[PDB]
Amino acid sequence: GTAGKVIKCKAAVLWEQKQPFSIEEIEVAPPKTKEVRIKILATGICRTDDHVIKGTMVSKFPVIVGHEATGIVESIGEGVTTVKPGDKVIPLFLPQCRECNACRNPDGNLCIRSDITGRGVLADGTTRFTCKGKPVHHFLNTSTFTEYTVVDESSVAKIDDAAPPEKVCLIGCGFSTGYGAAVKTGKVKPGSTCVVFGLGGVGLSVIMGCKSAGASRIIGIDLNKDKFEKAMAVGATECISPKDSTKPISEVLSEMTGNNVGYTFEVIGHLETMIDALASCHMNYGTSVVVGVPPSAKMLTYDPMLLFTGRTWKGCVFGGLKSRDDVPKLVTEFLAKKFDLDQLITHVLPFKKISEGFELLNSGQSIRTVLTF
């Protein structure tokens, strides 16, 4: 059996910054106390993983990226009580220890164990991956571009057995982030007028969230007009582009709504568009939510008056969800046909084609690409 043993399996390893993937043969250490070794069934390609490759996301090397996936528990560590071998699960980059301040607080979800600094190691401070002697790091409490991974129990979400791995894997990041961004972070209201910068997989998910929140007008923004057809079909009552006019996108949006934009979402990852989305919500009651991760070590410079007048500016992590709580529920909600993830998955390919996946994403020819094992 594999339990207790070291599992030799393949994994898409990254040896250094700005280098292509390399599918090595690696060895996954068995789960120590309160850890869980998971066999990955399908993992999607989130734009964040690409950040590490680009170097806009802090990370130690070598590292096995990937964090959006579904899998089965191959073996539980000592002291594990939330899952047993055979259970279907979803690895949580955003954990839920249920013990820290942010966890004990209904309005907080950024668990203390959240890898926000590029630690690239588990709770005890070590790695569980080896490749050619040298140890390979973790990515955001997960690492899913591997046949097997080992995560802390606090980052394991037991989900329903009948859940399609290649679909619900979007609940591990992309979908839950955009949806929760509207529903739980900005808390969009019925009849509201929202704006969505960036029509990628998370962008399209925010639109879905707003629409499910009763927003009557949802304007989608993107440079890539090819994304519009998807946007309009997701819930966008309209879609425009910064380049369609020479006047500030803020002014345009104002004029379009007669100065009544109650919500704006930045779902790209640019600082320039963070100022844009802020400037675009109403100067006194408008709320601007930042979903896109800003590039590492970049300082923002804007006009504070835009905030003084009353605007609310907040950031978002995993759509404001409390991972271990909300994730299994969101899976149940999918099974009950409540939301369609299929609209998001533009490509389903075998793990080996990972390089193609990062070619597609980077060309705008795809929303979500699910790598299957």
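The first residue of the sequence shown is number 1, and the count goes up from there.
Of the two stretches examined, 278 to 286 and 206 to 214, the record assigns the greater average C-alpha temperature factor to 206 to 214. The deposited model assigns a higher average Cα B-factor to 252 to 260 than to the other stretch when 252 to 260 and 108 to 116 are compared.
Per the PDB entry, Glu166 shows the highest C-alpha temperature factor of the residues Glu166, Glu99, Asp303, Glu147. Across the options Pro95, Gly191, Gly79, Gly125, the residue with the most elevated CA B-factor in the record is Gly79. Per-chain ranking of the deposited C-alpha B factor places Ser176 in the middle third.
Looking at the C-alpha B-factors along this chain, the one for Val136 belongs to the middle third. Among all modelled residues in this chain, the alpha-carbon of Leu341 has a temperature factor (C-alpha) in the highest third. Remark: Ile354 belongs to the highest third of its chain, ranked by C-alpha B-factor as recorded. Remark: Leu14 belongs to the middle third of its chain, ranked by C-alpha B-factor as recorded.
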